[PDB]
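Only one chain is given next, in C-alpha cells, and it is the form deposited in one PDB entry.
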C-alpha cells in the first residue's frame, strides 16, 4: 500500500514503513504543506501511516472536489475515532446520515435567525466591556483569549440554549499509525473526548434557539452530540480568531486606528451595533478576512474519495484522502504579493475581485462548508465593535513579536496573546 503514488506517477516525499510520512510533521501541519507545495507543485501525495493522502492546489480541481463532486464522490471527511456517540455529530457523520442533519440544522443561521440574536448578543458585550474595564484601569497586561473565551462561551450558551452566566499530539499520533486500532477503542467506550467532559454536558439542560429548532427525524442522545459541536465551535473558534485579530491590530496601529475611525463613523456617539450597521462596515470585514487569510484555524480541508474517479485530468482511486492545504494556499506568493505581511487592503472592493474563492477558503466551500460561517463573522464583529469602541491595544513587554504558531492541533499561538489595553 506504500507504492500507490509511485504507481500513479504522483510526486511526493518517500514514505517510511508503518510511519508513512508522519515524521515530517515535526514543524507542524503547515510548514509541511508549505514545503511540499514548493518541492512538488500543483499536486503531491503522502501517507498518514498507511493512509494515502493526495494534496491538490488546482483551483478547478479544488472547486470540483468541494462543490461539483461533493454529493457523489467527496461527501465525507477522514474517519475520526474513537468517538462513541459523537459519530452522529454533524461534522463527523457520513453520507446520508449527514444529509439529514445538515438540512435539519440549516435554518438556524438564516439572516433572520441571526438578526434575532443581535439583541441578545448585545448584553454580554457590555459584560465583556466591563470585564475589560477592570483590567485596564489597572495597567495589567491582559490575556485576550481568556476574556474573549469567557465572552465566546457566554454567547454560545445563550445563542443556542438560553442560560445566562457571567463567565468570570499525545495519542492521536498513535491513531495515524494505528487506524486499525480505532474500532478497538470503539468497543472500550474509549473517547478522544474524556468521558467525564461528555457525562457533564450530558446535563440534558432541555426544559419543559438552536435547542428549540431541534425538538421542533431527530433523536435525543444525538441532540447532545450536536450541542457539543456548537458549544465548542462557537467558543474556541471565536476566541482564537478574536485573539489573532487583536495581536495584528496592535502590531499594525495604523490599521487599528483606521478601523476605529470607521466604527465611530458608522456608529456615532458610541452607538449600539445592529445587524444592518455591521454589514456596512467594510474595513472591518477586510480586517477579519485578512486575519483569516493569515490564520485559517482549520489549516486543512479533507474529503474521503468514496469511489474511483478522474477529475480535471487526474485519476484518483477509491479510499484516498483528498486534501486542500488552506494554510499553504493563503501564503503562496504565486497568488499573494509579500504573503507574510498583514495587508487588509487585499480585501478592498478595488482589490477583492482579484482573489479566487478556491484559494481563499477560511470556511471551506460547497455543501459541507462551515455551517456557522455567517454567525461567526457576526458574533466576532459585534465583539470587535464594542471592544474597539472603547479601548486601544498596544504591544506589551512580554508580547510575542513575531508570533510563533503552535504545532499541529489547531492554528493556535505558542505563547498566549498578551497586550496592553488603554481606555479612550
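Heads up, when I say rigid core I mean the largest set of C-alphas that superpose within 1.5 Å between the two forms. Numbering follows the first chain given and starts at 1.
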Quiz item: What number of deposited residues lacks coordinates in the span between residue 216 and residue 217: none, 1 to 3, 4 to 9, or 10 or more?
Solution: 10 or more
Quiz item: Per the PDB record, is the mean Cα temperature factor higher over 217-225 or over 233-241?
Solution: 217-225
Quiz item: Going by the B-factors listed in the PDB entry, is the mean over the C-alpha atoms higher for 37-45 or for 389-397?
Solution: 389-397
Quiz prompt | Among 177, 255, 316, 299 - the residue whose C-alpha B-factor is largest in the record | solution = 177
Self-check item: From 78, 341, 346, 130, residue of greatest CA B-factor
Solution: 130
Quiz item: If you rank every modelled residue in this chain by C-alpha B factor, which third holds residue 403: lowest, middle or highest?
Solution: middle
Practice problem: Could you look up the Cα B-factor of residue 124 in the entry and say which third of the chain it sits in: lowest, middle or highest? | Solution: highest
Exercise. Compare the C-alpha B factor of residue 148 with those of the other modelled residues in its chain, then answer lowest, middle or highest third.
Key: middle
Exercise. Can you work out whether the C-alpha temperature factor of residue 416 puts it in the lowest, middle or highest third of the chain?
Key: middle
Self-check item: For residue 139, the third of its chain into which the C-alpha B factor falls
Solution: highest
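One more form of this protein, deposited in another entry, exists but is not displayed; see below.
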Quiz item: Among 130, 203, 258, 341, which is the residue that shifts its C-alpha 2 Å or more between the shown form and the other one, core superposed?
Solution: 203
